[PDB]
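Let me begin by presenting the structure, written as structure tokens, before commenting on it.
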Amino acid sequence: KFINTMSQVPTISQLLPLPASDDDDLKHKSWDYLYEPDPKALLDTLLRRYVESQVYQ
Amino acid sequence: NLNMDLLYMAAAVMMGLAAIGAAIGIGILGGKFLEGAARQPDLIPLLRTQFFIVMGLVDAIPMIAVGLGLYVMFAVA
Amino acid sequence: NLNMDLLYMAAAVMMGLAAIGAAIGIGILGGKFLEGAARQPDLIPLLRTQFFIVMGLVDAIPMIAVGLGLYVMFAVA
């Protein structure tokens with residue numbers, strides 16, 4: 001992990017199963033998505049692309 | 001005499017048909033209004049405005065039908 | 001006389017058709033209400049509000065028809 005120019009630290013961190021952020025989308029109560037075609041097929045690809053993105057980062 | 005009993009029967013058919021039409025049409029419309037509401041409630045007032053607009057269009061004929069049903073049933077007797 | 005022969009059939013037509021209309025309309029609307037509820041609870045009270053708002057309009061013509069059916073079947077004959 002690149003922290004400061006003079007300091008870098010090794011880290012082991014988990015990416016499956018998904019670790020639980022404290023971000024609250026309880027404020028998002030106000031709406032829901034239109035899912036084309038359906039939400040279940042979309043959540044899968046979102047999770048896969050997210051794992052690939054974190055590995056790239 | 002023989003006239004009145006058929007005049008009642010005719011009012012019956014006319015108003016029953018008007019009832020089926022109005023009821024099912026407004027139900028079909030309200031279904032889409034509700035499913036639009038469930039996805040984003042904050043738009044509820046705008047959607048309700050649109051709904052009370054179009055509901056008059058659907059209500060147009062059936063109210064004529066029931067008006068003439070009443071006319072037949074009572075004014076002509 | 002023949003009036004109490006035919007007018008019962010008149011009432012039966014009127015009320016059967018009103019029943020068809022009201023039951024089907026309310027079925028459709030309540031179905032969309034339920035699928036709205038399961039999609040997003042915590043809205044159940046708000047969607048129930050809007051559901052009654054709409055339901056009030058569905059029943060109008062069917063209820064007029066039912067009232068007139070009772071009237072003829074009991075007041076006149």
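If you're wondering about the labels, chains in the structure tokens are A, B, ... by order shown, residues count from 1 in each chain, ligands from 1 in order shown.
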
### Those of chain A in DSSP strand (DSSP E), formatted as number ranges by chain
A: 2-4, 7-8

### Task
Kindly provide, as a PyMOL selection string, the residues of chain A having any atom no farther than 7 Å from an atom of chain B, counting only C-alpha atoms.
chain A and resi 30-32

Keeping only C-alpha atoms, take the residues you just selected and write them out as an mmCIF file, in the first residue's frame.
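Below is the file that was written, result15.cif:
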```
data_model
loop_
_atom_site.group_PDB
_atom_site.id
_atom_site.type_symbol
_atom_site.label_atom_id
_atom_site.label_comp_id
_atom_site.auth_asym_id
_atom_site.auth_seq_id
_atom_site.Cartn_x
_atom_site.Cartn_y
_atom_site.Cartn_z
ATOM 1 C CA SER A 30 -36.558 7.406 -2.180
ATOM 2 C CA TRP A 31 -36.106 5.223 -5.260
ATOM 3 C CA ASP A 32 -35.279 1.925 -6.925
#
```

### Message
Distance cut-off 6 Å, counting only C-alpha atoms - which residues of chain B neighbour chain C? Return them as a list in words.
### Response
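Residues satisfying the distance criterion: residues 5, 9, 12, 16, 19, 20, 23, 24, 26, 27, 31, 35 and 38 of chain B.
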
Chain B fitted onto chain C, all C-alpha pairs in order, as a PDB file with C-alpha atoms, in the first residue's frame:
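What landed in superposed.pdb:
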```
ATOM      1  CA  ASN B   1     -98.330 -10.548 -12.878  1.00  0.00           C
ATOM      2  CA  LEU B   2     -95.859 -10.620 -15.765  1.00  0.00           C
ATOM      3  CA  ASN B   3     -94.010  -7.455 -14.727  1.00  0.00           C
ATOM      4  CA  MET B   4     -92.279  -8.694 -11.590  1.00  0.00           C
ATOM      5  CA  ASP B   5     -90.487 -11.719 -13.028  1.00  0.00           C
ATOM      6  CA  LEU B   6     -88.694  -9.563 -15.591  1.00  0.00           C
ATOM      7  CA  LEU B   7     -87.903  -6.912 -12.997  1.00  0.00           C
ATOM      8  CA  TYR B   8     -86.062  -9.565 -10.996  1.00  0.00           C
ATOM      9  CA  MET B   9     -84.260 -10.836 -14.104  1.00  0.00           C
ATOM     10  CA  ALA B  10     -83.151  -7.298 -14.925  1.00  0.00           C
ATOM     11  CA  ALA B  11     -81.839  -6.713 -11.418  1.00  0.00           C
ATOM     12  CA  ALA B  12     -79.978  -9.999 -11.775  1.00  0.00           C
ATOM     13  CA  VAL B  13     -78.208  -8.989 -14.972  1.00  0.00           C
ATOM     14  CA  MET B  14     -77.427  -5.510 -13.642  1.00  0.00           C
ATOM     15  CA  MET B  15     -75.948  -6.690 -10.353  1.00  0.00           C
ATOM     16  CA  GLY B  16     -74.041  -9.577 -11.916  1.00  0.00           C
ATOM     17  CA  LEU B  17     -72.354  -7.201 -14.321  1.00  0.00           C
ATOM     18  CA  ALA B  18     -71.620  -4.737 -11.521  1.00  0.00           C
ATOM     19  CA  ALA B  19     -70.065  -7.595  -9.568  1.00  0.00           C
ATOM     20  CA  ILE B  20     -67.775  -8.729 -12.364  1.00  0.00           C
ATOM     21  CA  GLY B  21     -66.647  -5.168 -12.947  1.00  0.00           C
ATOM     22  CA  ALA B  22     -65.905  -4.282  -9.342  1.00  0.00           C
ATOM     23  CA  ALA B  23     -64.218  -7.582  -8.550  1.00  0.00           C
ATOM     24  CA  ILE B  24     -61.902  -7.770 -11.532  1.00  0.00           C
ATOM     25  CA  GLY B  25     -61.004  -4.087 -11.421  1.00  0.00           C
ATOM     26  CA  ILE B  26     -60.052  -4.146  -7.772  1.00  0.00           C
ATOM     27  CA  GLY B  27     -58.118  -7.363  -8.310  1.00  0.00           C
ATOM     28  CA  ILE B  28     -56.112  -5.823 -11.135  1.00  0.00           C
ATOM     29  CA  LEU B  29     -55.364  -2.866  -8.873  1.00  0.00           C
ATOM     30  CA  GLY B  30     -54.448  -4.910  -5.812  1.00  0.00           C
ATOM     31  CA  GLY B  31     -52.045  -6.986  -7.861  1.00  0.00           C
ATOM     32  CA  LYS B  32     -49.915  -3.952  -8.624  1.00  0.00           C
ATOM     33  CA  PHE B  33     -50.207  -2.781  -5.036  1.00  0.00           C
ATOM     34  CA  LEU B  34     -48.867  -6.109  -3.776  1.00  0.00           C
ATOM     35  CA  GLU B  35     -46.019  -6.354  -6.253  1.00  0.00           C
ATOM     36  CA  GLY B  36     -44.998  -2.833  -5.315  1.00  0.00           C
ATOM     37  CA  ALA B  37     -45.098  -3.834  -1.661  1.00  0.00           C
ATOM     38  CA  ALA B  38     -42.951  -6.928  -2.140  1.00  0.00           C
ATOM     39  CA  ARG B  39     -40.045  -4.939  -3.566  1.00  0.00           C
ATOM     40  CA  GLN B  40     -39.867  -2.420  -0.735  1.00  0.00           C
ATOM     41  CA  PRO B  41     -42.088  -3.078   2.292  1.00  0.00           C
ATOM     42  CA  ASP B  42     -41.209   0.060   4.250  1.00  0.00           C
ATOM     43  CA  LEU B  43     -43.288   2.052   1.763  1.00  0.00           C
ATOM     44  CA  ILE B  44     -46.302  -0.109   2.637  1.00  0.00           C
ATOM     45  CA  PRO B  45     -48.295   2.664   4.389  1.00  0.00           C
ATOM     46  CA  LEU B  46     -47.811   5.203   1.596  1.00  0.00           C
ATOM     47  CA  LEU B  47     -48.757   2.633  -1.031  1.00  0.00           C
ATOM     48  CA  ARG B  48     -51.797   1.589   0.993  1.00  0.00           C
ATOM     49  CA  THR B  49     -52.862   5.227   1.150  1.00  0.00           C
ATOM     50  CA  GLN B  50     -52.595   5.565  -2.621  1.00  0.00           C
ATOM     51  CA  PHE B  51     -54.468   2.288  -3.045  1.00  0.00           C
ATOM     52  CA  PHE B  52     -57.382   3.237  -0.815  1.00  0.00           C
ATOM     53  CA  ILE B  53     -57.511   6.491  -2.757  1.00  0.00           C
ATOM     54  CA  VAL B  54     -57.743   5.009  -6.248  1.00  0.00           C
ATOM     55  CA  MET B  55     -59.981   2.146  -5.133  1.00  0.00           C
ATOM     56  CA  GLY B  56     -62.842   4.595  -4.671  1.00  0.00           C
ATOM     57  CA  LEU B  57     -62.453   5.765  -8.246  1.00  0.00           C
ATOM     58  CA  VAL B  58     -62.699   2.193  -9.493  1.00  0.00           C
ATOM     59  CA  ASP B  59     -65.632   1.560  -7.117  1.00  0.00           C
ATOM     60  CA  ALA B  60     -67.575   4.576  -8.393  1.00  0.00           C
ATOM     61  CA  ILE B  61     -69.975   3.061 -10.963  1.00  0.00           C
ATOM     62  CA  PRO B  62     -70.485  -0.503  -9.663  1.00  0.00           C
ATOM     63  CA  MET B  63     -71.991   0.801  -6.443  1.00  0.00           C
ATOM     64  CA  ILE B  64     -74.456   2.899  -8.437  1.00  0.00           C
ATOM     65  CA  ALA B  65     -75.332  -0.202 -10.426  1.00  0.00           C
ATOM     66  CA  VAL B  66     -76.013  -2.278  -7.316  1.00  0.00           C
ATOM     67  CA  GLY B  67     -77.914   0.544  -5.642  1.00  0.00           C
ATOM     68  CA  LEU B  68     -80.269   0.713  -8.594  1.00  0.00           C
ATOM     69  CA  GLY B  69     -80.439  -3.073  -8.629  1.00  0.00           C
ATOM     70  CA  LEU B  70     -81.756  -2.992  -5.078  1.00  0.00           C
ATOM     71  CA  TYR B  71     -84.116  -0.140  -5.942  1.00  0.00           C
ATOM     72  CA  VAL B  72     -85.590  -2.129  -8.817  1.00  0.00           C
ATOM     73  CA  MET B  73     -85.768  -5.326  -6.803  1.00  0.00           C
ATOM     74  CA  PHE B  74     -87.476  -3.979  -3.680  1.00  0.00           C
ATOM     75  CA  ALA B  75     -88.661  -0.370  -3.916  1.00  0.00           C
ATOM     76  CA  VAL B  76     -90.358  -0.957  -7.259  1.00  0.00           C
ATOM     77  CA  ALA B  77     -90.786  -4.685  -6.577  1.00  0.00           C
TER      78      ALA B  77
END
```

### Task
Just give me the gap between atom CA of residue A:39 and atom CA of residue A:22 in Å, one decimal is fine.
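So the answer is 22.9 Å.
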
### Task
Take atom CA of residue A:37 and atom CA of residue A:49 and report the distance between them in Å, one decimal.
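About the pair atom CA of residue A:37 and atom CA of residue A:49: they are 18.1 Å apart.
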